[PDB]
């Protein structure tokens, strides 16, 4: 059983809030500017001034903790430098077992709701249960930071809040390492690969890792400063964490081609090269493969050939667990 971060006891706090007829407000991570940040999100910053803390039950008549499953399309980045974290959460959703260790079952805005939620993380060398109240940063009625493509779904916003809490503020999340989030969700072992020196069996390594439910992420180093822009000519984002979400082989004019699928945690802005959603390559595979694999949607998720992947990307991170 997870031990309680700061000694805060989820079920006890929830039960006592319900008894006392109030909603939880978290003394350890309160709905004030110091929970937002210290510089870019500090008390006197332009960003801080626009933000009002509001509960999902203040925003909507029918807020939901999870809608149609806790899945990667529920991870759409907001105005914060936490792409590394969000890439990790998106990858986490592909492994139901680990997902629901981090996101406990049984949390809702209906029966038993008292304005408090909890998540479990690997921290300080322990599995720790972290509570949050459900006051969330909003501007004009919309979440400022992470949000789901399902506008009434709140689990991922609440998990990002819990992760900010253990790190001190949302601003403390700006700029980071995907592998650190992977570890914090698993207590597993992380390794990384230099794609410009890829082992010859790297694609099989990826296949095996995906099959076992390991977490995979990738990025493109900014080698100059951000000279050729943050965005490459083919619509990739440099210095930015992507989730690796599948690896599948297709038959392209009668020959096997290894593909890899990844997802930009923005939930938008995708590769426009071969195998992209609108590319001509799809016209020359088996119709069944096309139907199974290709999804024509601006959703941040796309395929690349493994060959193009290892040319365009520079780093692959893998977190292996038990």
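Positions refer to the first chain, counted from 1. For clarity, a rigid core is taken as the largest C-alpha set superposing within 1.5 Å between two forms.
With 225-233 and 133-141 as candidates, the stretch whose CA atoms show the greater average offset from this form in 7 other deposited structures of this protein after a core fit is 225-233. Between 239-247 and 121-129, the larger root mean square Cα shift in 7 other deposited structures of this protein, once each structure is superposed on the rigid core, falls on 121-129. For the segment pair 257-265 and 290-298, the entry gives 290-298 the higher mean B-factor, averaged over Cα atoms. Relative to one another, 226-234 and 174-182 have unequal mean CA B-factors, and 226-234 is the one with the higher figure. If you compare the C-alpha temperature factors of 73, 221, 152, 138 in the entry, 221 comes out highest. Each of 119, 105, 242, 203 has a CA temperature factor in the record; the biggest one is found at 105.
Remark: residue 53 belongs to the lowest third of its chain, ranked by C-alpha B-factor as recorded. Sorting the modelled residues of the chain by their CA temperature factor places residue 26 in the lowest third. In the PDB entry, residue 81 places in the middle third of its chain by CA B-factor. Annotation for residue 6: CA B-factor lies in the lowest third of the chain's modelled residues.
Sort the chain's modelled residues by C-alpha temperature factor and residue 89 lands in the lowest third, per the entry.
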